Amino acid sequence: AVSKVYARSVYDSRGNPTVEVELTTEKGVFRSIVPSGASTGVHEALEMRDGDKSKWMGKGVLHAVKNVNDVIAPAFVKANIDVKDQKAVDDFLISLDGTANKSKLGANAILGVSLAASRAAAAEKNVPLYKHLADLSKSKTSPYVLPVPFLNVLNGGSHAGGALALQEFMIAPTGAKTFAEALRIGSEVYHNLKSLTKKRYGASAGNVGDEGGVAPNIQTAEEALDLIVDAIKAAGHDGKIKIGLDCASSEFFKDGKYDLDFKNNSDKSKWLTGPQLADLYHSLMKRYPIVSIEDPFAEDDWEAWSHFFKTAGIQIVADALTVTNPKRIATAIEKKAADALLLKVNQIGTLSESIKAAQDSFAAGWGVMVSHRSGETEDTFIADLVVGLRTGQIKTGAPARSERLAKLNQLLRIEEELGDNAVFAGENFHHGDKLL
């Protein structure tokens, strides 16, 4: 049985506090750490911070930690829940908070308990976590699917200091035959990108943003994409590497329009309409091997999404639009706003709700890209999750900064363990769950 639930404050990858949970059973101690976003969707479940300006500059999580130790822990232990029954674990937690957005206890109090229970369950079952997560999600397991990594090698927007408006420029080694090959050739592109960036924009441009990508002081998507295409050819991997974007356009949506110079005394006359921004993306799609675009329009700009999607012809990923929330996903499906869900467990707050979100997406013919947050930790949960969910695609950072490599390394280990019972999603990343 679960004998102990304990929380403490630890530090995330940008130096902010976050919640770490330890769950003790007869099988040992199981730890989960809650990640933290910067460009959060306004519809995300509550991340509870202390707001005490004299400690951690208001970003303390002592209240959330207290909620685990003083509220969740005694009730959870008393309940004698079977950790194998994830739905019972999450129903209990959801009920204890009693609010839709988890505003009573905090999503960052609840999530760590939810995740740690799944680790405890995997141990009880003597299976690796990814096999247990496949069980919980009722995914196909013959074969397992290793994801294409979408590597965020050039950082802009909220994740890096500079003028660049679009948040993420990713490479996707869809042309590799194994995950290990994909990661190697991705790392090679990254290193070529680092050298080229220093050459073109100066030594300072080669330093990294929150997610490990280079952060050159550039003003347009075109020069960023030119750098990436240049890095791919320098590495000698043209045709094996595709490109993904996260526009994170909610970050520059104001008064019905889009400010591509929001990293500025920005010119209100230059602000773009939905149609104009769609024309911009189409122009980029024509000149670059772009296979996925995330949050091309704002989190509630439904008409703009639906209109773009009609003729996009590539994967359109909903992040802030859907916030890993089955209710908002249902709306996005009906409006035909996108065809892939960005899955972030801490946007909704429990594993069970995240699994439901993935299942609803798959049922609609959508893809699912499992995702890190920009404030990450040494935790590797999402590596096991992307495999368990059989999605065929993950974004977990550049191949730099170990809060990113921790996940990528874990996927190397998973690939090795599965051997002949796994296949790399490659060009079929979008429908990874349907593969075979």
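In case it trips you up, residue 1 is the first one in the sequence shown, and so on.
Going from residue 264 to residue 265, you skip over 1 to 3 residues of the deposited sequence that the entry leaves unmodelled. Note on 59-67 vs 46-54: mean CA B-factor is higher in 46-54.
Judged by mean Cα B factor in the deposited record, 247-255 ranks above the other of 180-188 and 247-255. Highest CA B-factor among the listed residues (22, 12, 427, 415): 427. For the set 355, 272, 340, 133, the PDB entry assigns the largest Cα B-factor to 272. Per the deposited record, the Cα B-factor of residue 90 falls in the middle third when ranked against the other modelled residues of its chain. For residue 28, the recorded CA temperature factor ranks within the highest third of the chain's modelled residues. Compared with the other modelled residues of the chain, the Cα B-factor recorded for residue 152 ranks in the middle third. Per the PDB record, residue ranking by Cα B-factor puts residue 349 in the lowest third of the chain. In this PDB entry, residue 333 carries a Cα temperature factor that places it within the highest third of its chain's modelled residues.
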